[PDB]
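Each chain gets a letter, A, B and so on, in the order the sequences are listed, and its residues count up from 1. The analysis underlying the following values was restricted to heavy atoms, covering all of them including side chains, and did not include hydrogens, waters or symmetry mates.
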Number of protein chains: 4
Amino acid sequence: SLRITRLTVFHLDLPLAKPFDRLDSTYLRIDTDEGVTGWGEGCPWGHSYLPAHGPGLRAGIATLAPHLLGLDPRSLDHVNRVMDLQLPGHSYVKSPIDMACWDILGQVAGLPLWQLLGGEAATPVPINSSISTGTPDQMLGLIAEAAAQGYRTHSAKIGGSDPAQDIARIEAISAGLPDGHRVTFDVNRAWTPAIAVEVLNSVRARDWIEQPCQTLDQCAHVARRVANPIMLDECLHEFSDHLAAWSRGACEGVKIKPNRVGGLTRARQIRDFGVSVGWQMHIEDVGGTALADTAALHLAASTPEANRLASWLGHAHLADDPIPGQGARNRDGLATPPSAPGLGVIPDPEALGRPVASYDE
Amino acid sequence: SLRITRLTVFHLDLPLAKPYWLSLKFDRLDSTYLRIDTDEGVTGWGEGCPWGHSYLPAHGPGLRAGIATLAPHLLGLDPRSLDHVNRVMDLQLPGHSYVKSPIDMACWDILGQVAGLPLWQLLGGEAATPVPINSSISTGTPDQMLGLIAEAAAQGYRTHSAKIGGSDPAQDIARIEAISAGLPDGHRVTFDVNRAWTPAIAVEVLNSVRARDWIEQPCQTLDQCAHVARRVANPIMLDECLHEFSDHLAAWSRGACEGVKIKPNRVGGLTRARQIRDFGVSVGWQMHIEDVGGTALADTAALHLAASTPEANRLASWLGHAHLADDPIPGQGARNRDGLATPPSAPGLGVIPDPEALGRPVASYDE
Amino acid sequence: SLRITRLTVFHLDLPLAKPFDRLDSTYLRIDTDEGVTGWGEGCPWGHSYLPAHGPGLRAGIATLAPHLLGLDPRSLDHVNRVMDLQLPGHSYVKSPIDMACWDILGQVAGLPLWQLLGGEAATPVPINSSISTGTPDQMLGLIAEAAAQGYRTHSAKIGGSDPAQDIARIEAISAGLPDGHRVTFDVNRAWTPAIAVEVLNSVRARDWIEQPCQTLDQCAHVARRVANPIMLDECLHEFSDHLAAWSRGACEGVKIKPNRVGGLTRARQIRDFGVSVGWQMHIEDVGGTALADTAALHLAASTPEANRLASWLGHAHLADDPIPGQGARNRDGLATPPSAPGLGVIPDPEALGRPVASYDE
Amino acid sequence: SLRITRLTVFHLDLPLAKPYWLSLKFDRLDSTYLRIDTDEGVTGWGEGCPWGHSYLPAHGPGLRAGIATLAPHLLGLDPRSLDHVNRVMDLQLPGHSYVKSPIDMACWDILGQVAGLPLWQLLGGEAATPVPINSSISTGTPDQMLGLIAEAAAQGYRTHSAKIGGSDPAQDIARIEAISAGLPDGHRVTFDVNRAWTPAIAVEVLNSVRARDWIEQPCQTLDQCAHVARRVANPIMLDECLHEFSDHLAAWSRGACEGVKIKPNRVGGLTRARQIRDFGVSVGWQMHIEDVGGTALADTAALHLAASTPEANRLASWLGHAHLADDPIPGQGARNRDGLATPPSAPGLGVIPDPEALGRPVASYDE
Ligand SMILES: [Mg+2]
Ligand SMILES: [Mg+2]
Ligand SMILES: [Mg+2]
Ligand SMILES: [Mg+2]
């Protein structure tokens, strides 16, 4: 008999700290007849990073609202089935909805998400830096910085059509890393296979390379020809892409991002599959405020230590904060998810602005 | 030199001829017409009309949101450079093929008018080939569907798409054997299952039946359909699981099918549909080329691609406007004349909607 | 109603600048009833390089002429279908015909080929040198030269039955290349797999190796055993060979040459396929005058920058020029295709000689 | 020591017995006879006769152009060293197998005469084995083809090649079941489709029919035929897609077929045909060995290879000269005597054309 009673949609205009200069984030409030309210966030990283954009996100909540009204939000797999029937794909639309129902379930259950996701403890999860693309000594300065801030894993954005510079970047960074630190070379689909093969086979570094090419097939091809661990990310849209990645032997790890795979319920199924096949995983969201970071972090904290790599906190990159003082935050390069029932963050609607849409029955 | 100058968006509420009931009255289609103007006064039109919002990853409100996201980026582009415009849309909004298809269709219109050639010719066709049209035969008993087909046949249809599916093998079996046995001579049927089978039910029914007609998309995924294909004897047609060119390449390398349907709104437009068409010809696929839904505008776009396809590879097209109660573009576009439809031969697309017939625009974008 | 009205065949005797000492080129003029004339060129690189030769080329135009007369040249796929029905294979015969119809279509459309082939602009395409086979310091002198001329990519012809010399060649050239320049080792089918494996696994260079062996199967075998990017060329005769190359995971790039694949319509289908699977490509013709170079260059200029490598200009190697002042030419290591409608080159028949054959209806 | 001294080219205009009409009257064959002389007065002859110019990558004018290109390079060669001559032709003009086949055939003639042995013996055969010949049964109704076969049978044919194909499954089905059911006892048929099916139509027809006779080349490519083969129950014979030895190796490794036809003009001559023949024996293929077209000269060359093939692997040969209206070499070569033909036992090829019967030479090449 618990029923979803109202969905309210907020649009947050979030300038980035280091300027696209802004993010378009959607906050979603879900009410129930018994007065338990859940919240979710979907904030695509602009509209060019993934099949996702803020105005489409809000349009998708509109298409789904009338099918979500009156569902029992405690039945998470059922909620997801209904979302899949009513609007295929659009994982970016589905994530904040699924996030908010999880929040409800955790509040009704009296348990934080990390415990519903199976974890023994609110594990402090190591956080990782983003090193933006530049020259060999530039990136190396940005790393010295991040290390001073307490990051011990760093994700260097590299890529291009120019084999020589990526070679230079990789060999400088891989050698001039502080002792005990970890670096991932994030190419974000910017190589063709020819470049990946030339670059990686010219370099002694055997660090992680993340998503070197645009497709799974192109990544698998690179993997058979080079010696580095390959991490997949943006080409994984649904569970079947992960199964294909596994069956092609394409990778040794994946990133799992709720807004890319359709929320916590889908992410958890992927996470369990990754543990079963020995993958190591970065579990984080695509972008947004500490609300999105918190949901991801509950899933990251509940992952076996052998399989869990550092998480990125998207809110580190924002000029503003709509939910100051809430969520997993960086404390000496570690973020601990909250232990209160549900998500553990409650946005104040006054901080958010006036709702851009609202659906009742 | 030529430059996109304005994009105008129209939302058309299209009633269906035959509502059907759902477990919801599915009543009407939400169609988007897009008008692209340029600085030299050549204007192109395109349509994107998802079959409601549950058929594919596509819905009307999402389509109009996508155009909003892309508009700032299309303003200023030379619409004659089609591949380039496609790359921009791909850089600026990955996926969302249902968003991209009307934009690409309008650029093709513009290109055709600048070239003074009909789309079927730019697509390589020797002539405005009349293309056979198929019937839609709704699910029911063996005796019903067979009566719905005699009826179809009296209207000039020689190819028929029989909608079967559901989790009771026994009546799917009865339907297939009945329909396949009692077709008029020279007629053809395809059994459209529409992802309704699990692989277990597919294997049980197809291996229970003597009929060797096409089975279209028995299961939800490519991987499931390829599994069924290795275990049954019928020609397999893929459709809904094919979202982009790499899925076609994957279908081909697994030997999953002997044909595909190509629908611009599913694959992102004519430029992308054409590359797939040509791939199909290279590997010997037979293909239905048609759109997902909409008025005779989306249907004419698809029919240009269908008419330019070599006869060996070309099967019947479905005309979505045949299922509509209204017509916003009366007397324009390829229409069914006794089981065949012929694309226009005017430069470009060959249809020009009257803004007066469309309602007030819901969005406009200019530089 | 536009109809092909006459085909005229010219035979050009072209001495090479650096001496087989000559090329046999065929120029083809196609007239229509509405007075729009298109031109094409097929010029095999002698008769030993590919399944192609000048006298066969002219013989094939003879077999096809009566099937081409009266076709609508604007319908390019239809023209190609008719050529395939009437004379299977013989891509070398078909290329100049298809080239001339494209020229017509571009003139009727009022658009240059690079825009009909989808490009945003007449992109200046980087040109690459040909370094003929010799000793390590010889080839290195020839490269210093080409670099002075403005070439920044160089194609070194290597190959033989002698592993030690190719090792010497490769390691000298790969190390003594000017900064920022690119080198491809063009073996032109001159290795068996045993030699390819010994050579490439003895060398630190990870430059492109082009067509190391006689067949696709032999190249794929080498590719699985070595660390360099493999570029395919001469074994690709038709689209199905490219599909097989892709499915075998044999290569990371291909060269596309109109006279080898049957013209611009076939080349474009290959080019689009290469972009879709992440290949990088050299798009150029097999040999001939700036007319053949120009057609290829329209297709090269319209290829996404991520996928496009340098083009070779065959006319650089000729003593003569029948079309002086026309076509894409080298200007500081870059060639820009023309922007006039169609091909953008108009041969003067007076410069060509007396037609060796002519077909009317 | 022995040296090629002159090459002489003849062009023979061969009328067919049965013109057939095209959508063009296909009237006559363009055949090339080549004479190779040497310094010791041993002369060899070869023939290359494509089945018109649309059947394979081959045509008469191209063949005479190819000989022109190769002549300077063959002049001076020792024609006894066959592999070597093949390598030279391969270095000097890649591909163009239709060009190389008559040159290689003439060298084999020369080699046989120098050795004082018939080709069938140099090819390893124990004796001049009479080889069964098959009929050609033209496309028509079930009742026609079956009447064309009783007729064939009365002429001594026990193997019949029934030409089917076209994009209407229903009558291909009727033809196959009719013909396969009503063969004389002891007789055999092959259904020659000649690349006319797409894979969808192949799968529909073959999986609709009880007949398990050979199907020859259902589809255009090896990859399409191998796809069909995995899904149907009939023995598959490959032919036209096999251009060179690597395609045979590819056919073998995909399990695409249980037999092949070997035609010298398609694969480049006897030297290349022989290597493929032997490969077929090693892997247990059954094979038809015959030429593409031409006079009893090309037919005798192929029949030497056919007679030397072990009986387990050897099926019927087609004799191209049976379809000609003329005969430039009357009373020479292997001819059909009541369903069998026997290659000659004279040294070399065993046929010697009279230049007087051939017209004036169209080209001559000497050192
Ligand atoms: Mg990434
Ligand atoms: Mg379907
Ligand atoms: Mg090469
Ligand atoms: Mg055959």
Side-chain angles (χ1 to χ4, degrees), chain A residues 161-164 194 198, chain C residues 14-21 23 43 45-46 49 123-159 166 168-188 190 205-212 228-229 231 233-234 253-257 280-290 292-294 296-297 300-301 303 308-319 321 327-337:
Chain A
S161 260
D162 196 310
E198 170 173 6
Chain C
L14 309 162
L16 293 168
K18 213 49 53 58
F20 76 107
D21 71 318
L23 298 184
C43 182
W45 192 259
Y49 168 64
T123 307
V125 181
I127 295 309
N128 80 164
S129 62
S130 257
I131 305 304
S132 18
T133 178
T135 75
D137 15 64
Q138 281 174 277
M139 297 179 111
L140 229 50
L142 295 158
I143 277 150
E145 179 148 73
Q149 278 150 123
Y151 293 101
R152 309 192 101 237
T153 295
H154 314 274
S155 157
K157 308 309 168 171
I158 66 170
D166 275 330
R169 253 111 88 157
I170 283 165
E171 38 187 32
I173 295 161
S174 176
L177 249 208
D179 285 287
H181 289 216
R182 246 101 104 155
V183 61
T184 292
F185 297 100
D186 190 7
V187 7
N188 185 219
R206 318 259 96 109
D207 305 284
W208 284 108
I209 311 292
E210 184 180 333
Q211 189 71 49
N228 298 69
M231 178 58 58
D233 180 6
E234 288 97 355
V254 307
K255 292 220 169 154
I256 305 175
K257 309 203 185 165
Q280 291 200 293
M281 292 160 294
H282 298 272
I283 294 164
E284 59 199 51
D285 218 344
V286 145
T289 71
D293 297 317
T294 302
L297 218 102
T303 307
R308 177 184 63 214
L309 299 171
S311 310
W312 177 68
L313 293 185
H315 73 260
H317 287 267
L318 308 175
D321 192 352
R329 306 274 180 162
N330 193 296
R331 282 245 165 122
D332 292 305
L334 300 155
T336 302

Check [X] against [Y] and note the closest heavy-atom contact, atom names and distance.
| X | Y | value |
| --- | --- | --- |
| C:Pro229 | A:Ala194 | CG-O, 3.7 Å |
| C:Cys43 | C:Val286 | O-CG1, 3.6 Å |
| C:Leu297 | C:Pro337 | CD2-N, 3.7 Å |
| C:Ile143 | C:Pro178 | CG2-CD, 4.1 Å |
| C:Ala335 | C:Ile127 | CB-CD1, 3.7 Å |
| C:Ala290 | C:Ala328 | CB-O, 4.4 Å |

I'd like to know if the side chain of [X] and the backbone of [Y] have a donor-acceptor N/O pair within less than 3.5 Å.
| X | Y | value |
| --- | --- | --- |
| C:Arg169 | C:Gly159 | yes |
| A:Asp162 | A:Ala164 | yes |
| C:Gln211 | C:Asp233 | yes |
| C:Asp207 | C:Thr184 | no |

Between [atom1] of [X] and [atom2] of [Y], what distance do you get to the nearest 0.5 Å?
| X | Y | atom1 | atom2 | result |
| --- | --- | --- | --- | --- |
| C:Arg329 | C:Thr336 | CZ | OG1 | 13.0 Å |
| C:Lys257 | C:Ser311 | NZ | OG | 11.0 Å |
| C:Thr303 | C:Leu309 | OG1 | CG | 10.0 Å |
| C:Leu140 | C:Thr135 | CG | OG1 | 9.0 Å |
| C:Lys255 | C:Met281 | NZ | CE | 13.5 Å |
| C:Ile173 | C:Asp137 | CD1 | CG | 10.5 Å |

Got [X] and [Y] here, is their nearest side-chain heavy-atom distance under 4.5 Å?
| X | Y | value |
| --- | --- | --- |
| C:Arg308 | C:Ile283 | no |
| C:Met139 | C:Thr133 | yes |
| C:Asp166 | C:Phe185 | no |
| C:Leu16 | C:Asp21 | no |
| C:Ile158 | C:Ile209 | no |

Among C:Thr289, C:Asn330, C:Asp293, which one satisfies side chain to side chain donor-acceptor pair (under 3.5 Å) with C:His315?
C:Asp293
Residues in ring pair (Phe, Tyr, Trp, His ring centres under 6.0 Å) with C:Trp312, at least two apart?
C:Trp45, C:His317
Can I get a per-line list of side-chain donor-acceptor pairs under 3.5 Å for residues 145-155 of chain C, giving both atom names and the distance, sequence neighbours left out?
residue	atom	partner	partner atom	Å
C:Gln149	NE2	C:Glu145	O	3.0
C:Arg152	NH1	C:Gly180	O	3.4
C:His154	ND1	C:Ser129	OG	2.7
C:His154	NE2	C:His181	ND1	3.0
C:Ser155	OG	C:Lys157	NZ	3.2

